[PDB]
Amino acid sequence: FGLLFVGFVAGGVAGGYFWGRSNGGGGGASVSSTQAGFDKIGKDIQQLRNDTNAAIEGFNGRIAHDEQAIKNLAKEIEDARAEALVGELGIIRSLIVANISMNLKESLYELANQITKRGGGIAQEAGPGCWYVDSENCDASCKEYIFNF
């Protein structure tokens, strides 16, 4: 229901970002499209994903010095060190996922903000990624200009 929410859909049905519209005759019956020209999201996602390399390269570049003269594997010590390293990798992961989440959401706020400023102010925001465009001052070619579908 507009950028603060993610909804579920059944068997078929494409997942992603769609245009959804509202009332009309009183009461209306809603409607959801089949995805827009949001190529900015596509590009922003690619950039965000590639930006994860910095955090990963730092982790890969970190390997502890060691020296064992012993002739038989100290399996349990070996496994303990791995487990700790994996634990550290776990935290970094959680940080990266959140970092993508937050920056993508901000990129989505930037998308909505540009749309607001193109019907200014015929748009009228109703929370992020939602607008009350009054079908009075704004016909159909108008909304097409404002929301690109």
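The numbering used is simple: start at 1 and walk along the sequence shown.
Stretches 128-136 and 19-27 differ in mean CA B factor, with 19-27 having the higher one. Of the two stretches examined, 108-116 and 94-102, the record assigns the greater average C-alpha temperature factor to 108-116. Of the candidates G42, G37, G87, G58, it is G37 whose Cα B-factor is highest according to the PDB record.
Ranked by Cα temperature factor within the chain, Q68 sits in the lowest third according to the deposited record. When the modelled residues of the chain are ordered by their C-alpha B factor, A123 lands in the highest third.
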